[PDB]
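Below is one structure; the comments refer to it alone.
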Amino acid sequence: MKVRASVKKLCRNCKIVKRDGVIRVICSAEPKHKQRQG
Amino acid sequence: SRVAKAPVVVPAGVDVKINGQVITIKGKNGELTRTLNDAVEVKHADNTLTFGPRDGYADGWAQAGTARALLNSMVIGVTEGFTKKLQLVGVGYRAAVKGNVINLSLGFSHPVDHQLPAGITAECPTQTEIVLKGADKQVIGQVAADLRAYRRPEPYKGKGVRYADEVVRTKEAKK
Amino acid sequence: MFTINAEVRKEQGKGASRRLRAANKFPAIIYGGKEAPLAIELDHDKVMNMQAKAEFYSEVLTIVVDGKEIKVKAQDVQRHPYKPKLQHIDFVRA
Amino acid sequence: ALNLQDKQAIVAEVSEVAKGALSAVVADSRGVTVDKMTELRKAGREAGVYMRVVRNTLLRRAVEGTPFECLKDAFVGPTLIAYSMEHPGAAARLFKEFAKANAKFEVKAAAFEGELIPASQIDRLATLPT
Amino acid sequence: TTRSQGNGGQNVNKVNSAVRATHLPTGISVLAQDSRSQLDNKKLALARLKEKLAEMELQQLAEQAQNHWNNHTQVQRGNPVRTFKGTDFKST
Amino acid sequence: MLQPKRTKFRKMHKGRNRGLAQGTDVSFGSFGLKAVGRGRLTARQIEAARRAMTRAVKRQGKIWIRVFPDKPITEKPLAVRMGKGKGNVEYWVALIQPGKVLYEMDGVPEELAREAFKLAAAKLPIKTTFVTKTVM
Amino acid sequence: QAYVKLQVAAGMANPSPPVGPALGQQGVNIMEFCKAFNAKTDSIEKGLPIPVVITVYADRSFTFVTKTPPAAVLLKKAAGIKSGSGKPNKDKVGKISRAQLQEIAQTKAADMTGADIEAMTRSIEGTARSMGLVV
Amino acid sequence: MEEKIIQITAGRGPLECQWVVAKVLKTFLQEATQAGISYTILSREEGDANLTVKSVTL
RNA sequence: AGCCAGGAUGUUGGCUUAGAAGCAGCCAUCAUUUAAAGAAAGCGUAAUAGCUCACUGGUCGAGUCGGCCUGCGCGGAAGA
RNA sequence: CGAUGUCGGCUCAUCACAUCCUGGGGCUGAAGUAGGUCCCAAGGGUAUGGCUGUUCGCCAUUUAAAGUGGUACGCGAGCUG
Ligand SMILES: [Mg+2]
Ligand SMILES: [Mg+2]
Ligand SMILES: [Mg+2]
Ligand SMILES: [Mg+2]
Ligand SMILES: [Mg+2]
Ligand SMILES: [Mg+2]
Ligand SMILES: [Mg+2]
Ligand SMILES: [Mg+2]
Ligand SMILES: [Mg+2]
Ligand SMILES: [Mg+2]
Ligand SMILES: [Mg+2]
Ligand SMILES: [Mg+2]
Ligand SMILES: [Mg+2]
Ligand SMILES: [Mg+2]
Ligand SMILES: [Mg+2]
Ligand SMILES: [Mg+2]
Ligand SMILES: [Mg+2]
Ligand SMILES: [Mg+2]
Ligand SMILES: [Mg+2]
Ligand SMILES: [Mg+2]
Ligand SMILES: [Mg+2]
Ligand SMILES: [Mg+2]
Ligand SMILES: [Zn+2]
């Protein structure tokens, strides 16, 4: 999982979501897309 | 919002009872019951079910649309229901059922044993895919998720427990 | 052609400017040639939107101050150093 | 399409409907680009390049465009009933062409209503001048 | 980062300004403790590592020229692949 | 590496840059960067941002700079007391002017301009804003 | 049903190198297609490619329709050169005449889905311009 | 695109061998440029007399 | 925006390459049928092929969309 | 400053978690023995030796590892020196 400060939307088909106060990006087109902040 | 806007249909001769927010629905198929979210007002006028907010509620129309979707889901459930079929892709991936008890032969030292509620039953016209029908969409989806999370498959070839309409995104292990 | 509602600023000054900026008002002055100097207080976002046009520093506008139209045109400008606020906007009579 | 483009297009269709009387119907409910190509090529060989197969059959477009002439199309506009023009000649044979195209592998969404140009019924007009 | 081995005083017994730059492929290490500022010690250690690897890069050219030299005495006088006869210098 | 050929004197006071600034307006280029706050722009930072803007523009257009590290600051090399006189000359900067355009761009779209100025925000610790040349 | 045309110059039979198995992706034979292509090209000149469309059906009896020679090689022969161009914007290659463009257009007007010859004539003229065969 | 470093040397021979080295180097360069390969001169240490080279690297 | 559909013709543009036919990269990057087609924005192979997307046809339909200034939030934040 | 005993070692450990690592969530340039990893988890292991006036480090054999530290860079009204 990714630990950074500046999280950003990844491509034309990912999805910013809020999950327990942290930004989560997922895109099954790329199993990598699972971002995270903290 | 626009979900609660739309009208809600029910069939004729289907015993639908509202007791405050507790709404049950029973018919030739079966009975689906749940008490609804308190942020919603409900009333029925002789042919329709309407959803709206209650006075002094913030998430009013939102939860009204939520309850609208829920009651349409259970209306469809009591009309015919919702069907799922957990399909396996792999070399010799099989299973079985005994009413609601399932064996899984996917490479363990003990063939896994699975259970389903009284709301779902399975037959086996085939031994690589299981046909299991019911009226509870969320229950059958939970069963799907359980037999999928038992062994979530790999992303490389497509070998494991997947869904009927799903197409595998092939990430081939670069040589 | 913009018709802007503006009033007469009785007392000016720095403290007056600070309280007017608190109460959403920024000044400007009427002048030009030999006429008597009068200065007005403007409607902030209205002026910003109207001067976002390309014709603000070119065309002959019209000012409603104490119930009368005044024909003036742009001459100069001052701006907030580091914020989108026009510190001053200048009028030459037409 | 914005308001000005709509206004010029509506003036264009007003002029076209004023100049031309006869009409025939089609609908691309199951109309493949193969069928569209066949119809456009038949139109190009029969008449000029302005032969069009456009679909302007919306709830507020064709009914509000027709009032200049042939006001009867208030019953035609909605429900996806397309318009195809036939300028040259009186009783051109492009009318039966859309019926034949419907007959050859189509969903029968044209309905061959015919806009009753000769004030005839919704059936085929078998006789045409030759 | 470790302790500068002096005699010594109680402040240098604390200081972890001894910087050791170790090059992991070659294993060559150099230590810098000249200054009590650890940034300057780190910079000096990096510079000394640069210099000292520039004497392992320089003892390879000499080592291969020792191999180029042998070719001078490795010439064999016979079995010619090419022959040039006379000043006309014709190939054969 | 922007740095004076010669300075008036080798050192100078640490200095003050408070209050309001004077580089409010844009002077040379189409697209600029505002810094409302306060800080310092190292010569390395200024050169780096110039190179990065060249990178982004692909050598299309021109770059402009207003503030200069004409003031060789003396910081103190670590582990030296307040005493022993003033410190030693170490590097060069310019400080942050509220309302100042720092780097300028032209010949490329506004989108690329804001991109490159956010990249200036990602090669500088200073607060930013996107500005263009003012009509009179 | 599998409408992919993959053919080469009729002078050489059995185009195994260029496409090969691409023509035999299904279970149909590779000899029958070549025989049919030769039978269609018997009455026309040899040494140029001819496109043929195909809709394979289960009964091993394929239905196909042939077409005219490609307009690319048509304009190639019209210009009398073999290579198109190298960096066409920089340099000039040849001169292309409006009348011969019109005649090249009229010989493939029957193949192309164009009624008014002028539109497809300016189409091929623009093709030549983009390629560097200035009109 | 391959990279080759070749050495031409007189061995332990006299001025005649040095002269032969010079002539062979010239012919080698001419033949290489005819064959279409590029080159650069690295070392051209001289011999003992006029137009006599001891060894060359290519 | 979901929903049924087109998304072509010159064209398989030409190289240099091991084949490059829309996808390894470069050049012109346009002409026609113009409701629509961008020598290609994604997937892919060996070269394709094929599947998409941009864009536009058909429906539910009153609402929809992007810049700003301010109140309070979200994460950056792991001790002996 | 009319005195608050330093480095390392031993017993007891202490506690931190900031995890080295197994035990547990993901990326993978992660197919499976098998590792590169971004991390939760401190209940717990955190070896045995050679060299070293000395935590440091190299080497040999296991193997999860032989953590980074406050404990006045532990603990000397417990030991050593
Ligand atoms: Mg973390
Ligand atoms: Mg004051
Ligand atoms: Mg001493
Ligand atoms: Mg100390
Ligand atoms: Mg100042
Ligand atoms: Mg925050
Ligand atoms: Mg004391
Ligand atoms: Mg005491
Ligand atoms: Mg005491
Ligand atoms: Mg792992
Ligand atoms: Mg943790
Ligand atoms: Mg612990
Ligand atoms: Mg513990
Ligand atoms: Mg604990
Ligand atoms: Mg030991
Ligand atoms: Mg011993
Ligand atoms: Mg400790
Ligand atoms: Mg300590
Ligand atoms: Mg201690
Ligand atoms: Mg004590
Ligand atoms: Mg002691
Ligand atoms: Mg002693
Ligand atoms: Zn994505």
Side-chain angles (χ1 to χ4, degrees), chain A residues 1-7 11-13 18 20-23 29-38, chain B residues 2 5-6 154-157 159 169-174, chain C residues 24 44-45 48-49 83-84, chain D residues 1 27-34 36-37 40-41 44 49 52-59 79-80 82 109, chain E residues 1-3 5 10 13-14 16 18 20 22 27 29, chain G residues 2-8 17-22 25 49 51 70-76 83-90 105 108 111-116 118-132:
Chain A
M1 186 64 72
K2 298 181 185 292
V3 189
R4 290 186 178 173
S6 182
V7 295
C11 69
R12 292 179 295 101
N13 297 113
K18 181 267 290 180
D20 204 359
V22 185
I23 309 287
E30 180 69 75
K32 264 162 172 172
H33 283 173
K34 214 174 297 175
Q35 272 214 353
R36 165 74 168 179
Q37 218 181 53
Chain B
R2 272 75 61 194
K5 172 200 75 175
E154 55 189 3
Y156 283 84
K157 280 173 62 180
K159 192 170 287 180
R169 174 54 172 87
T170 301
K171 185 187 286 184
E172 189 275 331
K174 165 66 171 64
Chain C
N24 197 3
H44 164 74
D45 270 334
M48 320 285 128
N49 306 325
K83 190 178 178 292
Chain D
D28 49 8
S29 313
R30 202 58 265 172
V32 182
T33 193
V34 175
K36 286 193 296 286
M37 183 278 288
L40 65 85
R41 287 292 89 202
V49 294
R52 274 310 168 250
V53 68
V54 292
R55 272 78 65 192
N56 57 0
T57 174
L58 266 294
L59 275 299
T79 69
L80 178 54
Chain E
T1 55
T2 190
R3 284 158 181 189
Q5 308 176 11
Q10 295 168 14
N13 293 328
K14 290 173 70 176
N16 296 295
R20 182 171 298 167
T22 299
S29 170
Chain G
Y3 41 96
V4 179
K5 64 90 176 179
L6 293 174
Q7 285 295 120
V8 311
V19 297
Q25 294 297 139
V73 297
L74 203 56
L75 62 93
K76 214 55 61 193
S83 183
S85 181
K87 299 174 73 172
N89 198 2
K90 297 292 184 181
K108 73 177 182 291
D111 180 58
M112 183 177 177
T113 57
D116 284 332
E118 184 169 358
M120 61 79 71
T121 303
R122 56 179 174 160
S123 87
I124 54 171
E125 179 266 327
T127 293
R129 158 66 267 183
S130 54
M131 187 66 204

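Numbers restart at 1 for each chain; the letters A, B, ... are given by sequence-line order, proteins then strands. Scope of the values below: all heavy atoms of this structure, side chains included, with no hydrogens, waters or symmetry mates.
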Interatomic distance at [atom1], [N] relative to [M], whole Å:
N: I:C43; M: I:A24; atom1: P; result: 10 Å
N: I:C60; M: I:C53; atom1: P; result: 23 Å
N: I:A20; M: I:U12; atom1: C1'; result: 11 Å

Closest to the [X] side chain, choosing from [options]:
X: G:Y3; options: I:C51, J:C56, I:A47; value: I:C51
X: G:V19; options: I:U33, I:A47, I:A28; value: I:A47
X: G:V4; options: I:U11, I:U12, I:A49; value: I:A49
X: E:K14; options: J:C73, I:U34, I:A41; value: J:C73
X: A:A5; options: I:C27, I:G6, I:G76; value: I:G76

Checking [X] side chain against [Y] main chain: does a donor-acceptor pair fall under 3.5 Å?
X: A:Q37; Y: A:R4; value: no
X: G:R122; Y: G:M120; value: no
X: E:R20; Y: E:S29; value: no

Exercise. Does D:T57 have any side chain to side chain donor-acceptor pair (under 3.5 Å) partners at least two apart in sequence or in another chain, and if so, which?
Worked result: none

NA contact type, [X], heavy-atom cut-off 4.0 Å: base, sugar-phosphate, or nothing?
X: A:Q35; result: nothing
X: G:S83; result: sugar-phosphate
X: A:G21; result: sugar-phosphate
X: G:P17; result: nothing
X: G:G86; result: nothing
X: D:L58; result: sugar-phosphate
X: D:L80; result: sugar-phosphate
X: D:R55; result: base
X: G:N89; result: sugar-phosphate
X: G:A119; result: sugar-phosphate
X: B:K159; result: nothing
X: G:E125; result: nothing
X: G:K108; result: nothing
X: B:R169; result: sugar-phosphate

[N] sugar pucker (north/south) via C1'-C2'-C3'-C4':
N: J:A31; value: north
N: J:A64; value: north
N: J:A41; value: north
N: I:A49; value: north
N: I:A31; value: north

Write down the distance between [atom1] ([X]) and [atom2] ([N]), rounded to a whole number of angstrom.
X: G:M112; N: I:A8; atom1: CE; atom2: P; result: 15 Å
X: A:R4; N: J:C38; atom1: CZ; atom2: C1'; result: 10 Å
X: G:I124; N: I:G10; atom1: CD1; atom2: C1'; result: 8 Å
X: D:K36; N: I:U9; atom1: NZ; atom2: P; result: 15 Å
X: A:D20; N: I:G73; atom1: CG; atom2: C1'; result: 15 Å
X: E:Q5; N: J:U52; atom1: CD; atom2: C1'; result: 11 Å
X: A:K18; N: I:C74; atom1: NZ; atom2: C1'; result: 9 Å
X: D:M37; N: I:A35; atom1: CE; atom2: P; result: 15 Å

Problem set entry | I:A78 - base-pair partner by Watson-Crick or wobble geometry, distances under 3.5 Å | none

Search all heavy atoms of [X] against all heavy atoms of [Y] and return the closest pair with its distance.
X: G:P88; Y: G:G132; answer: CB-CA, 3.7 Å
X: G:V73; Y: G:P70; answer: CG2-O, 3.1 Å
X: C:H44; Y: C:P84; answer: CE1-O, 4.4 Å
X: A:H33; Y: A:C11; answer: CE1-SG, 3.5 Å

Problem set entry | Base I:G10 paired with G:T127 side chain (donor-acceptor, <3.5 Å) | yes

Shorter than 3.5 Å, N or O on both sides, protein versus nucleotides 21-29 of chain J: list them out with atom names.
residue, atom, partner, partner atom, Å
J:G26, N2, A:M1, N, 2.8
J:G26, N3, A:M1, N, 2.7
J:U28, OP1, B:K171, NZ, 2.4
J:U28, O5', B:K171, NZ, 3.4
J:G29, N7, A:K32, NZ, 2.4
J:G29, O6, A:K32, NZ, 2.4

Exercise. Within the pair E:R3 and J:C73, is there a side-chain N or O less than 4.0 Å away from OP1 or OP2?
Worked result: no

For this session: Please state whether the phosphate of I:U33, meaning OP1 or OP2, lies under 4.0 angstrom from any side-chain nitrogen or oxygen of D:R41.
Result: no

Problem set entry | Cationic N near anionic O, under 4.0 Å, B:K171 to B:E154 | no

Exercise. Between J:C12 and J:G74, is a Watson-Crick or G-U wobble pair present, with both distances under 3.5 Å?
Worked result: yes

